[PDB]
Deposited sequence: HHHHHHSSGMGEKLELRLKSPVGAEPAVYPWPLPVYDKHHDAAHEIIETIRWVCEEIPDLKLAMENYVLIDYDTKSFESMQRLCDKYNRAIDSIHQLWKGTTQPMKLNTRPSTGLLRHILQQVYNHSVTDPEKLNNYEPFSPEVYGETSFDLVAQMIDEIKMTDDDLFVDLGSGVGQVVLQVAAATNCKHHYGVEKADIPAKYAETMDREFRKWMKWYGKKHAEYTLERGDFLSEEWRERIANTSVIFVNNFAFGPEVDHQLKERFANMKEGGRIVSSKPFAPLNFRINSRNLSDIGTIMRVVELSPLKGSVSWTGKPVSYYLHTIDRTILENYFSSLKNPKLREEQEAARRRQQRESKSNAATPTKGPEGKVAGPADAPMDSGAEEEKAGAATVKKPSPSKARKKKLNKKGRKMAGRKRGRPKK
């Protein structure tokens, strides 16, 4: 049918690619997706690499189908070879694995390229976040008991990313507007599709329609251990409304944001006991060197009512 097919490394349904090979944006074509996909699978399987590298030269002219099929076939043949070896005394790769950071960037990238049909329909109302978000996840030091929500989910790329790098129960995304929430519906599928295509595990997640300020979410925000929220352009109305939901939150949970929900040099005194800063720490996170008003940093808030307790331990016994 004048097309290309890649064979899944765990005998899942192959990836179909129509010719000519679609270009998605100024820096992303499906041609390189392929090349990437291949060398990423070569990564999981040292054997496939062994069967490929010692023969392949990696590079081909992407303009020619006669040259792209040349590679795909080579790859597809190497796959069968390994699958045969999978019938021998040797074990296959462990199926219950999470993606390595490197791999996952590529995966989410595919999910974007394939689901975002019109890369302009949202980018008009919106203004690599991956590397950034990755940093935050190491900073969050997430434990198997936490719950995560992205407030204002968008198409939920982060929702997905957290779901693959951490290890917890149903993680959630909340999106009000129909457009990005609609894209999220197919973003759900492709992600789950490609994950199976690669044979990698991901925590349960759910990309939802709704407003986070609404009555129902008041409750849920309080139950959620980890909160990512990009609040750069939020405006005082909504900013205050969040602080109240964050108030109810359990002890020790975290909030990551572009803008601080509590001042940085916050000392507790007379006319500030009502303020949210009383129940949380706010340490500043330094930005990754390759990501973009140039001067920007980030803020990690941790629920700490010992901050408060100390002030009420101090009103008893003035040492000065």
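The deposited chain is incompletely modelled, with C-alpha atoms absent over 1-12, 140-147, 313-315, 344-425.
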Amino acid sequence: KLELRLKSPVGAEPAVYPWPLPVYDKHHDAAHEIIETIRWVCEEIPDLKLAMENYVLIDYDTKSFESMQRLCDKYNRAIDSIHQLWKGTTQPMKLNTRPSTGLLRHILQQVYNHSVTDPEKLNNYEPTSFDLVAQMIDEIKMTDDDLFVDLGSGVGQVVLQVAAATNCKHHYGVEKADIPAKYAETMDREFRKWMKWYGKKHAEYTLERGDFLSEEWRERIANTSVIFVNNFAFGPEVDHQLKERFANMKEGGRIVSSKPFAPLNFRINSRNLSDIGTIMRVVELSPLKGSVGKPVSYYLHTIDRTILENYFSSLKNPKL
From here on, numbers count along this sequence of modelled residues.
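Between two forms, the rigid core is defined as the largest C-alpha subset superposing within 1.5 Å.
Fitting each structure in 8 other deposited structures of this protein onto the rigid core and averaging C-alpha distances over structures and residues, 140-148 emerges as the more displaced of 80-88 and 140-148. Root-mean-square C-alpha deviation from the shown form, taken over all structures in 8 other deposited structures of this protein superposed by the rigid core, is larger for 281-289 than for the alternative among 61-69 and 281-289. For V41, the fraction of other compared entries lacking coordinates, among those that model flanking residues, is zero, nowhere near a third. In the record comparison, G199 is modelled in each of the other entries of this protein that model the residues flanking it, with no third of them omitting it. For the two regions 60-68 and 256-264, the entry's Cα B-factors average higher over 60-68. Relative to one another, 193-201 and 81-89 have unequal mean CA B-factors, and 81-89 is the one with the higher figure. Highest C-alpha temperature factor among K141, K74, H114, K121 per the entry: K121. Note on the listed residues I279, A30, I38, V292: the highest Cα temperature factor in the record is that of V292. In this PDB entry, the Cα temperature factor of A163 sits in the bottom third of its chain's modelled residues, the lowest group. The deposited CA B-factor of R5 belongs to the lowest third of values across its chain. In the deposited entry, the Cα temperature factor of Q110 places it in the lowest third of its chain's modelled residues. Ranked by Cα temperature factor within the chain, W19 sits in the middle third according to the deposited record. In the PDB entry, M52 places in the highest third of its chain by CA B-factor.
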